[PDB]
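Working notes, beginning with the structure itself.
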RNA sequence: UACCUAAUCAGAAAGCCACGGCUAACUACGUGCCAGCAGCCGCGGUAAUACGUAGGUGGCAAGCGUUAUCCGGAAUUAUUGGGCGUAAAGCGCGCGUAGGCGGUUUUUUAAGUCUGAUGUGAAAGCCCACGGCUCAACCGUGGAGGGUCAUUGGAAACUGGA
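Chains as they are written, first to last, in the authors' numbering: chain k, 2 to 203; chain m, 10 to 165; chain l, 3 to 200.
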């Protein structure tokens, strides 16, 4: 059961890439600055509702746009953190080309917002199935499918590793255009290093 | 409208090719909220769709249980399988308690004057089959009067 | 007479009728061992034995000591089914549960000395008193005004039938005929009217 | 020197058992096929709260585990409570009256079903009540009162035998 859902070759007609820039010599350098600016925005995002990235630095228009779901206090009360982001990006290198924001329609479509309401109780080793049976029905009301509760070992609070087969729905992967979210994310809260086999789909 | 008693949902740890198939056999009493017993077992992945599955496929296994004047017409038994039962009469204006076997047999017969009896074992698959064996073997007032074929007040 | 906790009467039995709130701070689920599991269904003979155990914690006299109680609720002519609730209210706990001395039955059995006892003449320090048409279950001359006898004199306004109680008196001498349906109805009647017979 | 409300000194309902249970019942240590536990279960070759100590818990009642003796258990020489085959059941014995028992119409003189001498109708008997001993043994009612002691002499077209 290594169902990884090869989306890499599945996307490319609707789901391109987050970073876009015309390069080949500045590619590695541009990619080096991409992760360099991602080491400060990830600590400022505080696990925000970010679906994709709008880093379109092609045609001399470099801008590290961050979705961050709905504009809350992340940008500051009236863009008060946008002026403080200048030095933030100025401390890294010398970019700071006015990063923009994007209003994400249907915020509960990624596997981050669904893991912040049904997988947020797993941090205190609590409900990991009762609350994991929910949200998929809410995702069905939105128009999509949702996530599928799954595990390979350490089932909730137990010293004995146990698997599962609670797949509420299937996942289409026989097509070469199928669009799948597949937003993987784990947290090490004094539990140990382990991998899960959770399956998601648009 | 219908007193459906869903006792439990027996699960099974299938050890077939698949990692661990989950088959919930939702158990629910198919009572008509009057005096019939009713018993049906499902085998669907959805308990709600499985509980009604046995209620729409097994709803003719009930038996009409009449009442004299608020007391069991006859103290019947139950010799079907291991688990057995017994019909104990009580006053019309009384009640029931907890501690023993199944509770969805005399509770369906809204009379509050019958004591549900079933020793046998804990297995709830051969203990409810003996309850319908005695319910169908119950002796009524006229039912026994026809057996002799004389008068109702000539066989007591 | 049980010499134990008086809080397991509403856990092992299904008819306590001794206190208003008891499952408010407790756990009203099933039994003790499998308290977090499901409940069961009282058996034919079990329901008649559960009521006996339920009345075992309620009535002061236990197995063999309540001979008269069971003997008056069986051979005695009349509604045999409701004979366990009719010929069983002739105890000394009824007077304390009708005048306003003790809210419980165990405390009412110990209220035959601290509270009103002198029933218009010869008294009795037992759990049952011979209160008939002519007996006035009152207090003594030295124990005229007690603390447990005049405790809830104004706290217990509503009184029961066939009972009398006033201020600085608490002497019961009303009707001698009581009601056979003026008690809690949770146990079976014919079941105990047949099982007892055996 | 009963029940006893009285002097009102302070004279103590503890207990042993199952505890994963069956069957209302447990936590830590110590054990680790050594020993224990040990009706039913079984638990002991390592994580036996089943073991032994401590804190305990369910039960019941001045105590508790034990030994031999009826019946709940359940019909189990079946009687309500047995087949005439796998169950609990094919005498291979083909030829013969054990009086156990197998249509004979009509037909009989009364084997018979429900009436009749009744006085008697008593009883460590269930007496319809009947006396109190608080927890114990405090006993009169022969007609009532059944536990009487009117059930044909009798109405024949009829087990096996015409």
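Where a beta carbon is used, it is the ideal one built from N, C-alpha and C, also for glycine.
So, is the C-beta of residue 148(m) closer than 8 Å to a C-beta in chain l?
-> Output row for residue 148(m): interface = no.
Pull up the DSSP beta-bridge partners for residue 56(k), would you.
-> 20(k) and 65(k)
Quick one: list the residues of chain k neighbouring residue 28(m), beta-carbon separation under 7 Å, in chain order.
-> Result: 2, 164 and 166.
First and last residue of the uninterrupted alpha helix (DSSP H) at residue 59(m) | 56–66
Contact set between the region 108–126 of chain m and chain l, restricted to residues whose Cβ is under 9 Å from the partner = 108, 109, 110, 111, 112, 113, 114, 115, 116, 121, 122, 123, 124, 125 and 126
At least three beta-carbon pairs within less than 8 Å, the region 18–32 of chain l to the region 118–135 of chain m | Short answer: they don't touch.
Report yes if the CB atom of residue 236(k) is closer than 8 Å to the CB atom of residue 26(k), and no otherwise.
-> Given a span of 2 to 203 for chain k in the structure shown, any question on residue 236(k) remains unanswerable.
Report buried or exposed for residue 192(k), applying the criterion of at least 16 other Cβ atoms within 10 angstroms of its Cβ.
-> exposed
Outcome for residue 112(m) when other beta-carbon atoms lying within 10 angstroms are tallied against a minimum of 16 = Around the C-beta of residue 112(m), 16 or more other C-beta atoms lie within 10 Å, and the residue is accordingly described as buried.
Element boundaries [alpha helix (DSSP H), containing residue 48(l)] | 46–60
Quick check: the region 83–97 of chain m against the region 132–149 of chain m, are there 3 or more CB pairs under 8 Å?
-> Short answer: they touch.
May I ask you to list, following chain order, the residues of the region 68–100 of chain m that have a beta carbon less than 7 Å from some beta carbon of chain k?
-> none
Buried versus exposed call for residue 27(m) [16 or more other C-beta atoms within 10 Å across all chains shown] | Residue 27(m) counts as exposed, since fewer than 16 other C-beta atoms from the protein chains shown sit within 10 angstroms of its C-beta.
Tell whether a beta-carbon distance below 8 Å holds between residue 187(k) and residue 137(k).
-> no
Pull up the distance between the alpha-carbon of residue 140(k) and that of residue 19(m), whole angstroms please.
-> 30 Å
Per DSSP, the bridge partner or partners of residue 48(m) | Its beta-bridge partners do not exist; DSSP assigns none.
Sufficient close CB pairs (3 or more, under 8 Å) joining the region 59–79 of chain k to the region 93–112 of chain k = yes
Could you tell me whether the Cβ of residue 103(m) comes closer than 8 Å to any Cβ of chain l?
-> yes
Rounded separation between residue 51(k) and residue 53(m) - CA only | 39 Å
Residue 85(l) classed as buried or exposed, judged by whether at least 16 other C-beta atoms fall within 10 angstroms | buried
Per DSSP, which residues does residue 200(k) bridge with? Please list them.
-> 149(k)
Closer than 8 Å, CB to CB, is residue 88(l) near chain m or not?
-> no
Take residue 64(l) and list the residues in its own chain whose beta-carbon comes closer than 8 Å to its own, dropping the five residues that flank it on each side.
-> 3, 4 and 58
Close Cβ partners of residue 150(l) (< 8 Å) along its chain, the five nearest in sequence each way excluded = 103, 104, 113, 116 and 117
Beta strand (DSSP E) segment containing residue 125(m), residue limits | 123–126
Does DSSP classify residue 96(m) as helix, strand or coil?
-> strand
Chain-ordered residues of the region 61–72 of chain l with a beta carbon less than 7 Å from chain m = none
Using a Cβ cut-off of 7 Å, pull out every chain l residue sitting near residue 18(m), in sequence order please.
-> Going along chain l, no residue has its Cβ under 7 Å from residue 18(m), so there is no contact; the nearest lies around 12 Å.
Residue 36(m) - containing beta strand (DSSP E), residue span = 34–39
If the cut is a Cβ gap below 7 Å, which residues of chain k does residue 31(m) touch?
-> 166
Would you verify that the beta carbon of residue 13(l) is, or is not, closer than 8 Å to some beta carbon of chain m?
-> Not an interface residue.
State buried or exposed for residue 133(k), treating a residue as buried only when at least 16 other CB atoms are found within 10 Å of its CB.
-> So residue 133(k) counts as buried.
At a Cβ threshold of 8 Å, is residue 49(l) touching chain m?
-> yes
Bounding residues of the alpha helix (DSSP H) (the contiguous stretch that carries residue 110(k)) = Premise fails: residue 110(k) is in no alpha helix (DSSP H) and is neither H nor E.
Can you name, in chain order, every residue of its own chain whose Cβ lies under 7 Å from the Cβ of residue 72(m), other than the five neighbours on each side?
-> 45, 46, 141, 144 and 145
Hey, residue 1(k) and residue 181(k) are a contact pair by Cβ (cut 8 Å); roughly how many whole angstroms apart?
-> In the structure as shown, chain k begins at 2 and stops at 203. Residue 1(k) is therefore absent and cannot be evaluated.
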